[PDB]
Amino acid sequence: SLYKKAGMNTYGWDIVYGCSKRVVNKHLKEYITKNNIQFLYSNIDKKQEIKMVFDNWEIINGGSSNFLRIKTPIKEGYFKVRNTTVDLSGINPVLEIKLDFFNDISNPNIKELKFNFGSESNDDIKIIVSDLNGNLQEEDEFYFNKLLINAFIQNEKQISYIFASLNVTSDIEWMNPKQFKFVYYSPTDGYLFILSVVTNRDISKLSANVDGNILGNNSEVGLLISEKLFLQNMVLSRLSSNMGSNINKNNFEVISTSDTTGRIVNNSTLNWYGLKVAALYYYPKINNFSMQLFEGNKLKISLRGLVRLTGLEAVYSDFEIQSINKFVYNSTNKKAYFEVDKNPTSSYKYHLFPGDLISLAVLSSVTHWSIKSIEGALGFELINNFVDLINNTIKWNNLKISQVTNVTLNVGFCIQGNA
């Protein structure tokens, strides 16, 4: 449990999803251009008006927490106050606008991450800089700031850009999010993250800490699954794939060591398949089995068992095996698997009548074959459904991806792809 922080970290969350702002900006720009967004606001009693036709909206770094920082360059427009009109062509404001997850009234099972403009009684829109180009000053700046907010709030219905769609239900049930937060992150580009938990546990004490390495190797899209979810949903149903028909998922379980970590144990005797040694078949039994993450990217497997001589069951061996099995993702054939240990360790104890050399020779062979059989069977393949995983819950701009680029095990399990 000491090595919990030494690899990739979900920081107490279950599944973390990320997208590059470079990717989002592409779609946001298309959205602003295609819809020819203009904001008007008028107040005849107070003799004020404003018109803004936007060049673009562009996300930039520096956004705090659950705000995006954005530039909203105005290509043309004006405001008018005390019989004075001010030209807004070439004015380049920097705002911060809150994102929130919104309900869809005809579908409880999809949430959408969108801009939240709030109201005059909150700060869901903040003015960072009135004009990055330095053209507004004094009274002009003061009135512009007021009228900009007026115009944004009044024209809130015009902006429905979907940053991400979130599926409450899905084909991959173990991913279904119960609670979720948005966080913007600035790497040493910029990253938009959604942090999720898949149960109703208390999140009020979790921070908005996120591991920027989720979008490492210049990845466009990524996700990080907790150690515990990886063990439960990717390892538990595959570790016994080479152990024969009598050893299956139901013989094992995950022991939790925190909300986000755990290890795997057997819950019953593991009845190995029959092994033919000379003329007879022999049936090893594994009584204790443990499996935990080791050095972030390996499984350390410790087990104890015995094997009795068929037809002479009084004669038997105890054995113990310790195997270290490294995760590999082959980027060519798309297989994700745990390698067989090339240098496993073992020990054994024979139980034989003193001086019985015949039984010794038989037991020696049976014990060796049993240990080698088990050692060779401890490596196994994951099901590669990684494109489906990255498309299951969060679709950034409601778009699916097609290409996974990297798959890493480092405490958490990280799938990265192209947008």
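Each answer follows from the model by the rule given with it, or from the source it names; these are not laboratory values. For neighbour counting, all protein chains shown are included, and Cβ atoms are generated from backbone atoms with ideal geometry for every residue, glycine included.
Here are some notes:
So that you can scan it fast, the table gives a plain yes or no per residue for (1) in the same structural domain as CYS19 (by CATH); (2) of a type in the set (D, E, K, R):
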residue: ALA336; (1), (2): no, no
residue: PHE353; (1), (2): no, no
residue: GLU375; (1), (2): no, yes
residue: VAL407; (1), (2): yes, no
residue: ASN410; (1), (2): yes, no
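- Considering the conditions (1) among the polar types (S, T, N, Q); (2) closer than 26 Å to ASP55 by Cβ; (3) buried (at least 16 other Cβ atoms within 10 Å of the Cβ), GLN137 is excluded by exactly one of them, (3).
- If you check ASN325, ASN266, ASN233, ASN288 for being within 28 Å of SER365 (Cα to Cα), in contact with a helix residue (DSSP H, G or I) (Cβ under 9 Å, 6 or more places away or on another chain) and not assigned by CATH to the domain that holds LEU409, only one passes: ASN266.
- Enumeration of residues in the range 178-199 that are farther than 23 Å from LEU68 by Cα and surrounded by 14 or more Cβ atoms within 10 Å (Cβ to Cβ): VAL198
- Yes/no for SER170 being touching a helix residue (DSSP H, G or I) at 6+ places or on another chain (Cβ under 6 Å), of a type in the set (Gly, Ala, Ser) and more than 20 Å from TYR78 (Cα to Cα): yes
- Test: residue in the range 195-213 that is in contact with a helix residue (DSSP H, G or I) (Cβ under 9 Å, 6 or more places away or on another chain) and under 25 Å from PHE101 (Cβ atoms): yes
- Members of the range 106-126 that are touching a strand residue (DSSP E or B) at 6+ places or on another chain (Cβ under 6 Å) and in a strand (DSSP E or B): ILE110, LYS111, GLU112, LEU113, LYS114, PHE115, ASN116, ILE125, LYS126
- Listed by position, the strands (runs of 3 or more DSSP E) enclosed by the range 217-271 that each have at least 1 residues that are under 16 Å from the mean Cα position of the chain (by Cα) and crowded, with 17+ Cβ neighbours inside 10 Å are 221-225.
- Considering the range 92-105, the residues that are over 28 Å from the mean Cα position of the chain (by Cα) and in a loop (DSSP other than H, G, I, E, B) include one that is surrounded by the fewest Cβ atoms within 10 Å (Cβ to Cβ), namely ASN92.
- Taking residues in the range 132-151 that are farther than 9 Å from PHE79 by Cβ, and partners anywhere that are part of a helix (DSSP H, G or I) and not β-branched (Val, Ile, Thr), the pairs with Cβ atoms closer than 6 Å and at least 6 places apart or on different chains are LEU136/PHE144.
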